[PDB]
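This report concerns only the one structure given below.
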Amino acid sequence: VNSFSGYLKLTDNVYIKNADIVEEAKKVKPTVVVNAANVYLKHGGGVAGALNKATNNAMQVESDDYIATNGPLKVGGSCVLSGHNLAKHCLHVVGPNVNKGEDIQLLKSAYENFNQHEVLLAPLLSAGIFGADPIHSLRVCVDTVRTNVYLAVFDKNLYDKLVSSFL
Ligand SMILES: NS(=O)(=O)c1ccc(C(=O)O)cc1
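In short: position in the sequence shown from 1, add 2, done, that's the authors' numbering.
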């Protein structure tokens, strides 16, 4: 048993809810929250900027030190950093950004990072400003992630479409 509430079960291991991932993280304080990161860990908009804003910019300060030491992530890659006031850990995962021309086949590699963690709160990857089709992202998630993932979908209209079209 875990603390996640109000989710619709899609599969053995994937759950979904219409929720603001920031508000969900603040309530649950999960072991792992996933950030929809870019390779520079520049948390400017969407989930990364909202997560970073909710940490009072501490996520960005930590991230800048990580990049100064290690250089950029790979598209499809990840790093584990602090969860600050939102979670124990934040798993920063880089899905391909369609609006920058990245290979959508890298979306499966991105979701494979989730399998290193038993339970995660996470948004769909490559959605919103990354330019991928969220229906596709949910299908790759279900077909790739084997650990228990709790998906927060901000947009109520999209949530309803994801559920009603789910195979
Ligand atoms: N890639 S993003 O611009 O941060 C993004 C991620 C998820 C949602 C959503 O749940 O609706 C919206 C935008």
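We put the beta carbon where it would ideally sit given N, CA and C, even for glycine.
- Distances from the alpha-carbon of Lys102 to those of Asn40, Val142 and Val49 put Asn40 closest.
- If you check the CB distance, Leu93 and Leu53 do not come in under 8 Å.
- When rounded, the separation of the alpha-carbon atoms in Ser128 and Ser139 is 7 Å.
- Membership of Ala38 in the beta strand (DSSP E) is indicated by the continuous run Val34 to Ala39.
- Between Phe6 and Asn59, the alpha-carbon positions lie close to 26 Å from each other.
- Given a length threshold of 4 residues, each whole run of the alpha helix (DSSP H) inside the region 29-111 is given here in chain order: 48-56 and 60-72.
- The continuous beta strand (DSSP E) containing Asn150 extends over residues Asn150 to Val155.
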